[PDB]
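Okay, structure first, notes after.
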Amino acid sequence: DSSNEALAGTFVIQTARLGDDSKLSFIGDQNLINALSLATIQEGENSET
Amino acid sequence: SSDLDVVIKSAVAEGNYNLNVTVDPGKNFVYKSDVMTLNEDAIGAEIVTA
């Protein structure tokens, strides 16, 4: 409850780098991508050096 | 769930929604048929209490 996994039966996908480099892109057939139906729930932000 | 339908009209926004349901029930239908009677020569039997 009250976390990223509050919904049952869903895939959660993350990456282990920070910033714009962590963007993911998915390509394939139309029907398969439509069936997967990905969505974004958190967005990255840059560091301070 | 297997008892939830969705219809789309215009632009949708986003997100995961959690719904909470509360119920207050009503009434139903009751049908009555008419009386049945026998012919002039039939004979019937039953068990009745007295």
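Each chain in the structure tokens gets a letter, A, B and so on, in the order shown; residues start at 1 in every chain, and ligands are counted from 1 in the order they appear.
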
Close residues, range 24-28 of chain A itself excluded, 12 Å, only C-alpha atoms, min 2 positions apart in chain, as a ChimeraX atom specification: /A:13-17,19-22,30-40,43-44

Could you give me, as a tab-separated table, every chain A residue with an atom at most 12 Å from chain B, plus its closest atom pair and distance in Å to one decimal, counting only C-alpha atoms, rows ordered by chain then number?
```
residue	atom	partner	partner_atom	distance
A:1	CA	B:18	CA	11.8
A:2	CA	B:18	CA	11.8
A:4	CA	B:16	CA	11.1
A:5	CA	B:16	CA	11.3
A:6	CA	B:16	CA	9.4
A:7	CA	B:16	CA	8.2
A:8	CA	B:1	CA	11.2
A:9	CA	B:1	CA	11.8
A:10	CA	B:16	CA	11.4
A:38	CA	B:15	CA	11.8
A:39	CA	B:15	CA	8.9
A:40	CA	B:15	CA	9.3
A:41	CA	B:15	CA	8.3
A:42	CA	B:15	CA	11.8
```
